[PDB]
Amino acid sequence: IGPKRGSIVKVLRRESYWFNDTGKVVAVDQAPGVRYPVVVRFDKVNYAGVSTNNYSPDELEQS
Amino acid sequence: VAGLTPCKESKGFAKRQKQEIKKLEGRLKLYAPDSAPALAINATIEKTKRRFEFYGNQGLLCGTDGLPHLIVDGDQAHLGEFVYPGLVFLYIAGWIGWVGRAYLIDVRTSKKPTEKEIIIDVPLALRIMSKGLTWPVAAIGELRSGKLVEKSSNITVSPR
Amino acid sequence: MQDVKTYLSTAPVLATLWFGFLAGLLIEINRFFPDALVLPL
Amino acid sequence: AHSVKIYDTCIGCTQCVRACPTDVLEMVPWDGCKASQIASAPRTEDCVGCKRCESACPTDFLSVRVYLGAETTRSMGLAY
Amino acid sequence: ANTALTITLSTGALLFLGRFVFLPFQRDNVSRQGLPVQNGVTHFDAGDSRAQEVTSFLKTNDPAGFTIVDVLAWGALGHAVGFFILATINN
Amino acid sequence: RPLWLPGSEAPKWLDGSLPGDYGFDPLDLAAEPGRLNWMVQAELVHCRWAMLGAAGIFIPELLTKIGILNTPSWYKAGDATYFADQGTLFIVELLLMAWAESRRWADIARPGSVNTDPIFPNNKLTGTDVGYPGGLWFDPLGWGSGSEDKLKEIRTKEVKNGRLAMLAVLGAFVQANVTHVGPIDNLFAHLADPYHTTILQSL
Amino acid sequence: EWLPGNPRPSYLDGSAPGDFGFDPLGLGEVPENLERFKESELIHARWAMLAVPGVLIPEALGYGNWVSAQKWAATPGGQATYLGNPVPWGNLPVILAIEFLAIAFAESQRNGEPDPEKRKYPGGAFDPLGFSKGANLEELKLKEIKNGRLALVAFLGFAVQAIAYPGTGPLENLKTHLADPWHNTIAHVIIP
């Protein structure tokens, strides 16, 4: 599943720090039952200092 | 204009010139006439007399306090109080705003974009600080071409 | 100078060198052209 | 007392439990992540409300979330 | 001066406008706007017994639906205009 | 091709097709796609208004120095009275400039659209390139047509004579601001004492 | 075709009478707004074409302009001189109450038409000479808005000449312009 590994996606999740921000997909989990399989890496950190977050494919579009 | 006499014919403005030299002349009375601190007060008096003869020759408006007041409405007599040095300012302030904006675009497409802001790339900086000379033609040029503003779909927006 | 000029290009040094030049320029404008309240040009 | 809620964005990184100073959080099995575990708050009546779990949660936005509600002698942290 | 003719003609002019001119404009707007509505229901439908629209007072015998409230509304404007005219003339 | 600065790379937008191209865009004022089409039209009116400007600033002042016209100076020509009011002649100009420049505005925006007459449509302008309205009203001698290498030379001669006139007219402006003397007399005061009549002496 | 070569917008196709594509600000972009703007452009113009003979012909016959023939209502006694003759019913509460009755009955009957084309050009009783039921129909509607926009520009001229030069009328602005036309223009208003 997922759009593609190594692709550029835009986050549609409202409560994330990287909403409407360009991110790079580093891992998509193909195991069933995982709610947020797509792991997206960002060039900028959030207030917690991390750049790695998991999103569903419904919360991302290819840009 | 606005009930203010011109400073060249203001009796209060000439009173402040009289009582400023008299304050400095009484400071000069306790020094030798060829001494080094007396040359500073003598240069202060000539700086004061240059100042009062410059304010009256520019068509400044003086109130009842004997002080030069600025008319910032955009009067044809009063352009050098606000309009002329405001356009001089905004050109310089837009120069600061255009070469800082163009530096961030030039370092966002780099390998480590955050190390180029603590350590400012001077050959990259100085090649666009010259380019900030013609910035109204480049800001409205980027405004007309759409490169000045970013679309709201690519802008980080806090949720409702 | 691969690293000495990198230190000289840092944010506090370049702020000191620019504002040293900036306040150096505005003081020297205020010597030859002092008490400037109205731009004549 | 305090209501600690775990959401489905959790990755099972366990550091919310490790940051807990009053043993509220525990890791239960789950099927929604790679680690196959999610946090839970059974002893939420023992929660002081310090939000050390929210400081240690790497998920954006947070998976563990502490809501400061009615405060008792557990959640006030008193010894007298 | 001439209070008995100025007030009567100005009330009769606004009542002529209320009956023959602006009565399709008023009857369309009281149906398009309708009764006041809170949260999808009428104030009387929500439980307010004092917000019931009266129908015995609104029971008109005029063929165009011109009731005594419209008499009390358009005739009130005819006295407001009529005392605007009388105050302007007597000056 | 020769450039404005030897050892400097020419910009990617100025490729050398345009007449008068010496790779001179240091501040990048014509980089953007579609922008160099506007800046040539801007250069062409400015160069032709300056050659019209230099023929009305220097040539009547030079013949005043000889004394066969007795025309007033150009910076005091706004104070001169005529058969019309000086304020009135501004607005009659910008009603005629509202026609002539908006016909020119549509040529830059939509080329090949306003070459036909608004009244008698058999009269059509023969110009093909943008900014060169060939026709009986503007080029009656037909010097704007021929080979492309021959046409590039005469278009190079408009702008090289035009950039000189722009510098000229900008020079007369600042000369009349700080010296208050007309510019033919500024030339004749520079052929008498050249090392004492300089911009530092005039401040 | 208000600018040759300019792309006409999709909501202005040219089939309307006077559709020259002049909408730079896009006010008629909304379709239901544009249907009101077409019946507004014509009532305005028809009132303006009833106004240009109402300004010049009282001025050319010598009974003053459209301003000095209008200041009598602010005066307590003006007596309402019409063609040099004071009408007996010419009082300010009398002529305003008739105007707030007769025009309001005319405008309410005008707004009652459900058809969006009979609102524009009604015909019938308002066309007794039968030119609407004739061979030419499209060019007369083009004649309506070309004459109408000329009188609409004329009334804008009429109003701002009174603001710029109070106490004078439009034929008196024409007589002032016809004497020395190169000195007394809009530049007297632009440059004080």
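A, B, C, D, E, F and G are the chain letters, set down in written order, and residue numbers restart from 1 in every chain.
Note that in this section a residue touches a chain if its C-beta (ideal position, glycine included) is under 8 Å from a C-beta of that chain, and two chains touch if they have at least 3 such contacts.
Engineer: Just how many steps, at minimum, does a route from subunit C to subunit F need if it may pass only between touching chains?
Structural biologist: Steps on the shortest route: 2.
Engineer: Would you say A-D or E-G is joined by more C-beta pairs in contact?
Structural biologist: Counting C-beta pairs in contact, A-D comes out ahead.
Engineer: How many angstrom between the C-alpha centroids of subunit F and subunit A?
Structural biologist: 57
Engineer: Measuring centre to centre with CA averages, how many angstrom lie between subunit B and subunit F?
Structural biologist: Once rounded, the distance between the two centres reads 34 Å.
Engineer: Quick one: subunit C and subunit E, Cα centre-to-centre, how many Å?
Structural biologist: 76
Engineer: Going through subunit B residue by residue, note those that touch at least 2 other chains and give them in order.
Structural biologist: Not one residue in subunit B touches at least two other chains.
Engineer: With touch defined as at the start, can you tell me which subunit B residues reach subunit C in the complex?
Structural biologist: 47, 50-51, 54-55, 58, 60, 68, 70, 80-81, 84-85, 88, 117-122
Engineer: Considering the complex alone, what residue numbers of subunit D touch subunit A?
Structural biologist: Subunit D reaches subunit A through residues 8-9, 11, 31-34, 55, 57-61.
Engineer: Which bits of subunit G are touching subunit E when the two form their complex?
Structural biologist: Listed in rising order, the residues of subunit G that touch subunit E are 76, 93, 97, 100-101, 104-105, 108, 112.
Engineer: Enumerate the contact residues on subunit B facing subunit A in the complex.
Structural biologist: The touching residues are 113, 153-157, 159-160.
Engineer: Once bound in the complex, which stretches of subunit A touch subunit B?
Structural biologist: So the residues of subunit A in touch with subunit B come to 10, 14-15, 17-22, 43.
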